[PDB]
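# Topology and contacts: notes
The lines below spell out each chain.
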Protein chains: 4
Amino acid sequence: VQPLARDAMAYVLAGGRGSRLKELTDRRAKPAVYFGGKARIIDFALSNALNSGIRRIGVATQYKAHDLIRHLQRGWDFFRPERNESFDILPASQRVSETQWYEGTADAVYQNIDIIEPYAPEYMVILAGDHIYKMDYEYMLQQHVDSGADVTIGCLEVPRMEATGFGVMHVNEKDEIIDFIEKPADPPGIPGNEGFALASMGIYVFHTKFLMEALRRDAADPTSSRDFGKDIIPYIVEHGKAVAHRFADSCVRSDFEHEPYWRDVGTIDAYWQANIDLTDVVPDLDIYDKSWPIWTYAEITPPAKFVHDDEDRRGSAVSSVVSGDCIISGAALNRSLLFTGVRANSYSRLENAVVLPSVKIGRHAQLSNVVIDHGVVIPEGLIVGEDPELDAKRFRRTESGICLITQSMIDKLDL
Amino acid sequence: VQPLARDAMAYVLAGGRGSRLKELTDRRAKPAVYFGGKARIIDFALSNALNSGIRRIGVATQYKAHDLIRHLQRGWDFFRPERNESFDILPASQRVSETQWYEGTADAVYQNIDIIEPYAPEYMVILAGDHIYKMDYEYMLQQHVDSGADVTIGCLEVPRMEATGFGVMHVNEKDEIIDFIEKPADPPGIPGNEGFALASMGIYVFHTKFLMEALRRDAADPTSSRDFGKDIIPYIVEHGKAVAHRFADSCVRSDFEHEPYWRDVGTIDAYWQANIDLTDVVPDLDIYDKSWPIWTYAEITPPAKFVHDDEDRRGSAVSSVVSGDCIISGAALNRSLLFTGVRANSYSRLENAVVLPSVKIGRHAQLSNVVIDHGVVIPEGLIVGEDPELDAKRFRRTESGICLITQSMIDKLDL
Amino acid sequence: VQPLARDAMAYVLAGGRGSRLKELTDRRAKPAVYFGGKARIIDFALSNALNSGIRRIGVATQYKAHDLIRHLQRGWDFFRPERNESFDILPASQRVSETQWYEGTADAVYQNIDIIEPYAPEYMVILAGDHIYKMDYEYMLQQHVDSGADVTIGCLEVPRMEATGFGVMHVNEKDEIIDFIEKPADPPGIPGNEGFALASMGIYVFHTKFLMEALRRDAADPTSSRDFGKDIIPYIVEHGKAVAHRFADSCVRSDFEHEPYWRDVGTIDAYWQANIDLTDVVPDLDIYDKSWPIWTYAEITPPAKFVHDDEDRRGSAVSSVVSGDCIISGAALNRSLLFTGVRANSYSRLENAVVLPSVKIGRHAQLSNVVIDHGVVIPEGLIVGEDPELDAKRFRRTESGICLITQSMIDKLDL
Amino acid sequence: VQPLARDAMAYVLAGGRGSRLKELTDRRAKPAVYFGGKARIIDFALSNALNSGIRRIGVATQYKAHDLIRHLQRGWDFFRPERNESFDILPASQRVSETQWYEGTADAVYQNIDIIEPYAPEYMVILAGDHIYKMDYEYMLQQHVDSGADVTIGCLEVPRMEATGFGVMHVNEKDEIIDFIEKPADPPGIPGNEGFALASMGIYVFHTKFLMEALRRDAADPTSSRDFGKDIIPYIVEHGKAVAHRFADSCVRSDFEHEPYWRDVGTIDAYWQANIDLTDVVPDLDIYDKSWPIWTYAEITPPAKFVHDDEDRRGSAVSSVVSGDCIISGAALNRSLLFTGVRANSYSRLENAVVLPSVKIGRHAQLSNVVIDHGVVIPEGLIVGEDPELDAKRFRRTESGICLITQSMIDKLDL
C-alpha cells in the first residue's frame, strides 16, 4: 500500500568534469552548467527525486564545485529535518577523509555511509547528475522489490548503431542482465527486438543494506577503481541478480513531447542543439509542462524589454526564447535562446545563439551559431560565423561550425 | 546615532476601493491591482518600508480583500518575530467588535490597537497603500523627531493648476501647515515659490503614544466619520502642530529617472498611461533599478517564447515589455506590456495594450488601446479600437479611447 | 503503482466552535486550541495530510478565526504552487457570495468549488480539524478506489455504550454501511462482534467529481441543513454505496503507543485529561515519535530554567512536561504540563495543572487541578483547589473538580 | 542622513582552531562549538551584524569546516540577493586561488576580493567569529567616519594584569592608538585611568577602498605573514591613523546584565565556566533578552520531560538549564546546563555538568564537573568526579577538576 519513495534516499553523483565540453566546464562541473533558459543540469535529477516523493537527497561533489555547491545551497534550501526531509551536500574533502578527492563513483557513496546509516533508508537510488530527463522513480522502486533483484538498472531503448557509444546491458527475455559491455562495436540486441539495445543510464536502485555491504567489500578491494560501472555493477551481473528497467516505462512525457526525452549534452554541438531545439514551434522537451515541474534557483526579476523601431534599428526576437531581465535594445534576435540578464545593444544581430546569463552584446556585433559563456562582454562590431578560419583561430569552434565563446578568448583579441 | 526606523512600524491603509477604476476593481481592492508587469500596487509602500529599515508592518484591509490577503500571505511571508520583525494582516471582521467593517482610515488603525501596543514602537508611519512611488522613510522620521511636530505629512511639490484635485496643505515659511483645503479651486502657493502647492500624499508620521490618544478621542466623538484626512488631521492643523515633508527630499530616484516619480493611477486613463509608458525608451519609472528594489509575490516561471516566422504570421514584440511564461505564437505585439502567463495566438495583433496576467488572445484578434483584465479569454477574430461607437457599447471605453475589457463583458457579446 | 495521495486534496473542516469547552473557545475556534505543549489541535489533521503525501490542503474557517488564520499563515507557509503544492485558507466571506457565513459542513466545501476545480484533484479527503489523532490517509484512498465506494468513511471501533455520543454506522458482512444513526441511544453492533460499534470520525473520501455533483444536489435541496454527516452521507448510504474504513487499519502508532489514539477533547475534563496524561511515564500518545511528526508554528526560544534551592523554596518540576522559554523561579511543579513562555515565581506551587503559553504565576500562589488559559496573570497568593464551593463561584469548575481560569475571571475578583 | 550599516559588509573570520579547547575542537572549528544551550559561538557575531542592520555578510572558513558550513547553510539561509542581502560562505579552496589554506587573517579577505568588490560596500566590518558578545556596530561605524581614521579597532577596557593575554593598544587622550603590542607582560594603561588597558577585540572597521588597496599592499610583501594583527594593523598605527572604539560604548546590555559581557572561552575551564554561569539566579549573560536576539539554527523540538518520583529515583532539575527534547528519566540534575536532545536515565546524577546535544546518560552513572561532547553515550554506572587520579587517567582533566569527555575516551575504557 505505502509508496516506496517514502523509504528511499536519492544519491546524486555530481562530480562529473564534463571534459568534452572544454572551456564550458573549465570553471564549473558539468552538473552546474546552465540549461534551457533558467535551470542547471543538476536540477532535473533533483526535481525527479522531488516529484517522485523522495524526501532525502544526498549530492556528492568533487571537481570545481564552489559554483555547484552555491547553487545547491540556495535553490535546494527548503528541506526540513523535523519533517523527515534532508538535503545533504557532500563534497570530497577532509572529513574522516584527509586525502583529497573521491576514488570513483562507488567511493563517493562509501565515504558518506556515516551520513546514510542514521537516516536508515530502506532503498538507495543512485543517480547521475549530468543528464537532462524526467523520470518517476517509484516505478523503478516497485520493480526492484517485485523482482527480488540485487540491483535494478535504468536503461534507454536505443537503436543498436547508436548504442555503440554506451555502456550496454545484455538482457534475456526476463530482462535480467546476463552481461555488461563497455562500448560494444556490435551491441547485443534485446531478445525479440534485435534492432535495439539497452543503454545504461547510470541509474541504480539497491536495498540500502545490500549496497552498504557491497560498498564495504569494494573498499577493501585493492583491485577496484572504486566505480559503480566498472567495479560494483559488473560484479553483480556475474555473481548476483541484475535487472533492467526501461526508461520508456517510467519517463514522464508531457502531452507535447513526441517521445521519451533524454540528453547527455556531452559535447558542444550536443549542448548547443538541445538548447537551440527549445526554439522550435514544437520542441522535443516541453519546458511549459506544469505536471512534472523542474525546481531551480530563481530570483524575482524584471521582465524582458524590446526597444527601438526606426529605419536603422529594431529591438526584436523571432523564433526565440527570452528570459527575464533581458533588454533587447535595437538588437535583432532570430532562432536564439537567452538566459537571464542579457543586454543586447543597438544594431547587433544574433542568430542560432545560445546566450548564457548576464551576457552583454555590444553595438553592431553580429554572431551566428554560437554558445556564449556566462557573463561574457561581446565587444562592439564583433563578427562571428562569417569566416570559419578566423573563428577557429579566435575561439573554440566545432567541426560542425558552432563557436563557444569565453571571456578569456575575448580578452585575447584585438584581432 | 541609532536609525529611527528600528523603532518605527509602518501602518498601510489598503481598504481603498478604486472607484473610478470601475470594473478593474469590481473583484479586488485597488492596492491589489497589478502594475508594471509583475508587482501589485501595494508592493511599493511595503517595499519602501522594507528598504527604509522598518521591521514591523501592519496592513488594514476591507473591500473584497481575498485577493489582497492572499497576495500578502504568500508574498510578504518572510518576517520572523524572534528577530523583532512582524507583518500583520488586519482585515475587518469579528475581532473585538464583530458585525460590520471599518468606519474610516482612523478606525482601521483604532480597531487594531491591541496589536500595536504590545510591540511598543516609538513611531507610527501611516501610509496609503494605493500609490506607486519610492521613498526612504528614514528622512521623514528624523524631520518629525527634530521638529517636535504632532504630525509630519508627506507632500508632493506640484504646479498649482494640477493641485486642484488634491488635499492641499497651506504652508508657511518654516514648512509648518497652517491650513488644509480639500481640492481648492485656486490652491494656496508655497511661500516664496508661488508656482507650486503642496499636495498631501496621505503619508503621516506620529509618535505612537500621541497617535493612540488621538485615535481614542476620535472613536469617542460620535460625530466623526472616523477618517484621518477629514477628522484627525484637520484637528491637528488647527490646535496642534502639523509640519509638511517634501517628497523631493526623500524620494529614491534612479539614475535613469528624470524626476521624482509618484502616480495615483486613479483613472483607467492614468492606469493605462502609467503602464504603457514603461514601453518607452527612457521610461519615467526605472523598473530595472536594483538600488531600491520592489519585492512582490513571484513564482519560478518559464521564459517568454516567440514563435512562427512565415509570410502570413510572425510572433514578435516591438517597443514592448513581455513577462515570463508568455508564449507569443505568431502574434504581433507593439507598444504593449504583458504581465506573466499571457498566450497570444497566430494572426492576432496587439497595440497600445496593457494585458494583465493569464490572458488568452484568440487567433486573428486585433486590439488597440486596451486594458485586458486578469484571465480574460479574447475570442477568435475580435476587433477593438476600430469603431468607437461599437467599442463603447461592448466594453468600458474612456473619454480618450481606452477600452477596459473584462470577462463578463466578453460573455455578453454575440448579439 | 503511483501513490493515490499524489492526486488528492485534503479539505479540513475547521469551523467548529467547540462550545462545551466554554471560555476556552470564547476568543478562538476549537481547532486553534493549544494541545500537548506546543502544537494546536488543527496541526494533527494537517500533519496527517502532509505525512500521507497529500500536496493540496484547503482549510475552511469561520470569521471568528483571526487566531486560527494567523496560525495557518505563520506555520503552514512552506507550500509552493510551482511544485504543485497549495495551502488555501478559506474563511466564510463576501468573495462572490455577499453573505459572510457557511451554512454547514457541506456548504463550507460547496462555496469554494471554484478553488478546487482548477486544481482538478482526482480525490477529496474531507477531514475534521478538531481531533487529535495520527493516520495514514493513503490506506483510506486505496480502499476507496478498490471498493468502488461512492464515499469511504473513517470509523473508530469503540464499545457500544461509549458510541452513544457519536454518529454510528450500522454495517454488514463486508463493512458496507447500511445505516447511519445520529447518537443512537442504543447503538448497533458489528457482525461477529456485536460488543463494539463503528463511530464516525468525520473523515470522508470521495472521487472529486462525484462530490462536486453531490454538493450541488445538496445546495439545491432546501430540506438540507447543509452537512456531511446529517445530509450528504445518509443520502448515499441509502441510494449509493458507502463503505467504512477502520481507524485501526491506518492509524500511525509509535512503538511506545499501546493502542490507536484518537481524542475529541470536547469537554474541559477531556481536554485537561488528554494534556495531563502526557506527563505519564508511558503516555498513550507518544509526542517524541519522529516517524510521524507533527508540524506546527514554532519560534527559536530560550531553554527552560529552574532556579532557587534553599530551605524555603526550590524551583523544579516533577512528573511534569516543561516547554521552552519557561522560568520556574522557586516554584514547585508536580504532574503539570507547561506550554511555552510560562513564568512561575518563588513559593508558588502547581499540581495537576495544564498551563497554556505565556502564563505568569505570582509568588505564593497554589493551584491544583486547573487549566489556565493563554496569557493569564495569576495574582500572588491565589489558592485554587482547596475550597470547592468558592472555586466554583469564582471560576469555571467542572463536576470533576477541574477549574478553568481565564483573565476575565481573575479581573472580576478581590475576594 | 542614512544609517551607515546600510553600506557595510560584515566579514567574519571563522578559521580558528581553538587549540586549547583540545578534543572539543578535534573535528569542529571553534566558531562551530556549541554555547549557551542552543546557539553556536559564531552566531553571536552573525547576530550582531544582523541586529546592527548590516545586510551583507561574508564568512571565511578553513576548507574542512563541514560542521560549520552545514550550520551556516541551514541556519543562515534567509538572505535574498534581490533585496540587496547576501550571505557568502567562503572556505579556503581552489577557485581563483589554489593555496588549499588561508595564509592568514588578511589573506582570508584578500582571496575573496572578487566577491566583495561587485557588492561595492562603502565599509568593511571585520569580525572575529570565535567570541561571545553583543554589540551594535552602527556606533563603531559612525565613529570611524566621524573621526577620519584609516582603521577603527574595537577594544575592551580591562584591568592591566588581565590584559597580558591580549593584543594591547596604547592610547592617548584622543583615544588614538600610538602602538600595538602582542601579549605585553606589563601592559601600558590609558591616560586618566592607568589601572586599565585597551585589549583588542579583533574587530576592525575600514573604508572598503582603503582596505582593498591595503590587502593588495600586504599580498605583494613577502615579509608579511598575511595577518591582520601581525602585519596590517601595526603598519597603519605607525604610518596612518588608527583610533580605538571602546566596547562599553556600543555593547548591547540587557537590563539584567551588570556589565559589558565578552568571553572568548579559550580554555576548557573558561568554556565550562561561561556555560555553567548561565545556571545562576542572576547570570552575567541574559539569554532571555528579546531586544538583541541571537539567531541560530533550530528545529521544532518536543518539550522537556521529567519523569519518576519514588523513593528510589526522581527525575528533576534544580538550579539548572534544560533545553527541548530532553528526557530526564529518574535522573538527578543540579547546576547543570543541558543542550537539546539529552537523555538521562534512571538513578543517574549530574552536577556542575555542561551537556552538549544528543548525549545519553546511562543508568546509575554519576558525573560531576564535566563537559560532555556532542552525541556521547555515557555507559551505565560510570563515575566521574570522585577519583581525581582515575578521572585524569581516563579523560581530559583540567587542573581545576573539570573533565572533558568524548566518545573516543569512552570507547578506550575498561577501567
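Residues numbered from 1 in each chain as written, not as in the entry; some residues may be left out. Chains lettered and ligands numbered in written order. Heavy atoms only, no water. Residues with missing side-chain atoms left out of burial classes, pairs and counts.

This entry, as listed in the PDB, derives from X-ray crystallography and reports a resolution of 2.287 Å.

Short version of the rule: UniProt positions are given in the numbering used here, feature names are shortened, and annotations may be inferred rather than shown by experiment.
Per its UniProt entry, chain A bears the Pathway comment "Glycan biosynthesis; glycogen biosynthesis." Database annotation for chain A, UniProt heading Subunit: "Homotetramer."

## Here we look at the domain arrangement of chain A
Residue and element names in this part refer to chain A. For clarity, the cut-off: Residue ranges assigned to each domain were obtained from an automatic or database domain assignment. Contacts were defined at the residue level, with two residues in contact if any of their heavy atoms lie within 4.5 Å. When two parts are brought into contact, each loses some accessible area as probed by a 1.4 Å sphere; the total of that loss over both is the buried area. Any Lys or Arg side-chain nitrogen found within 4 Å of a carboxyl oxygen on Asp or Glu counts as a salt bridge.
Annotation of chain A at the domain level lists domain 1 (1-288) and domain 2 (289-415). Placing the centre of domain 1 and that of domain 2 at their C-alpha centroids yields a distance of 32 Å. Taken together, the contact between domain 1 and domain 2 spans 40 residues of the former and 34 residues of the latter. The contact between domain 1 and domain 2 buries some 3,200 Å² in all, and 65% of this surface belongs to carbon and sulfur atoms. The tally of links from domain 1 across to domain 2 stands at two salt bridges. Close ionic contact of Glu23 with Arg396 constitutes a salt bridge, the shortest N to O distance being 2.8 Å.

## Some details on the relation of the copies chain B and chain C
As a reminder, the rule being used: The fitting set for superposing the copies is their C-alpha atoms, and the method is least squares.
By a simple turn and slide, chain B fits onto chain C: the slide is 0.1 Å along the axis, the RMSD is 0.5 Å, and the turn is 180°. Expressed as a symmetry operation, the mapping of one chain copy onto the other fits a two-fold axis. Judged by C-alpha distance, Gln73 of chain B is the residue of chain B that lies nearest the rotation axis, at 3.2 Å. When the interface residues of chain B are mapped onto chain C, 81% of them are again interface residues, pointing to one common binding face.

## Structural notes on the side chain of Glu85 of chain A
Residues and elements named next belong to chain A. Spelled out, the test is: A helix here means a DSSP run of H or I that spans at least four residues, while a strand means a run of E at least two residues long, and both kinds are numbered starting from the N terminus. The definition of a polar contact used here is a pair of N or O atoms within 3.5 Å, where within protein one atom must be able to donate a hydrogen and the other to accept one, and adjacent residues in sequence count solely through side-chain atom pairs.
Relative to the assigned elements, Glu85 resides in the loop between helix 2 (66-75) and strand 5 (86-91). Within the local environment of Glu85, its side chain forms a polar contact with the side chain of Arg83, the two groups lying 3.2 Å apart. In contact with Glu85, not counting residues within four places along its chain, are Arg55, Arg56, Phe78, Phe79 and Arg80.

## Focus on the relation of the copies chain C and chain D
One copy of the chain maps onto the second through a rotation around an axis plus a translation along that axis. Note on the copies: chain C fits chain D at an RMSD of 0.3 Å, the axial shift is 0.1 Å, and the rotation between them is 180°. With an isologous cut-off of 70% or more, the 95% of interface residues of chain C that recur at the interface of chain D puts this contact in the isologous class.

## Quick word on the environment of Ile233 of chain C
Residue and element names in this part refer to chain C. Selection criterion: Summary of the burial criterion: residues with accessible area below 20% of their type's maximum are buried, those above 50% are exposed, and those between are partly exposed, where the area comes from a 1.4 Å probe applied to protein chains only.
With respect to the helices and strands, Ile233 occurs in helix 7 (residues 228-239). The class for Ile233 is buried, based on a relative accessible area of 1%. Along the primary structure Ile233 and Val151 are separated by 82 residues, whereas in three dimensions their C-alpha atoms are 7.8 Å apart. Non-local contacts of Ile233, meaning those with residues more than four positions away in its chain, are made with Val151, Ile153, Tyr204, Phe206 and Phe228.

## Let's talk about the packing of helix 1 (residues 42-52) of chain A against helix 2 of chain A
Residues and elements named next belong to chain A. This is how it is decided: Comment: axis = line fitted to C-alpha atoms, over the contacting stretch for helices; angle = value between 0 and 180 degrees taken between N-to-C directions. For a crossing to be left-handed, the near helix must be turned anticlockwise from the far one by less than a right angle; the clockwise case is right-handed. Here the term charged refers only to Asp, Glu, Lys and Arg, the term nonpolar to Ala, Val, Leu, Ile, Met, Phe, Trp, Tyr, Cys and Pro, and the term polar to all other amino acids, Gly among them.
Where helix 1 contacts helix 2, the axes come no closer than 12 Å and their chain directions differ by 35°. The two elements helix 1 and helix 2 meet at a crossing, and its hand is right-handed. Of the residues in helix 2, those touching helix 1 at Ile42, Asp43 and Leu46 are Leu68, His71 and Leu72. A breakdown of the residues in the contact of helix 1 with helix 2 according to their chemical character gives four nonpolar, one polar and one charged.

## Here we look at the packing of aromatic side chains
Residues and elements named next belong to chain D. To be explicit about the condition: What counts as a ring pair is set by centres within 6.5 Å for rings of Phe, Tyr and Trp (its six-membered ring), and what kind of pair is set by the plane angle: stacked under 30 degrees, edge-to-face over 60, tilted for all other angles.
For the coordinates displayed, the defined rule picks out 47 aromatic pairs over all chains. Considering the side-chain rings of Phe78 and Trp295, the 5.5 Å spacing of their centres and the 65° angle between planes classify their relative orientation as edge-to-face. Of this pair, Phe78 sits in the loop between helix 2 (66-75) and strand 3 (86-91) while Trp295 sits in the loop between helix 10 (268-276) and strand 12 (304-307), placing them 217 residues apart in sequence. Looking at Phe78, the relative accessible area reads 16%, which means it is buried. Relative to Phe228, the ring of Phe206 has its centre 5.9 Å away and its plane inclined at 45°; by these criteria the two rings are tilted. Residue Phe206 is located in strand 9 (residues 196-207), and its partner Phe228 is located in helix 8 (residues 228-239); the two are separated by 22 residues in the primary sequence. According to the relative accessible area criterion, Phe206 is buried, its value standing at 0%. By relative accessible area, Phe228 is classed as buried at 1%.

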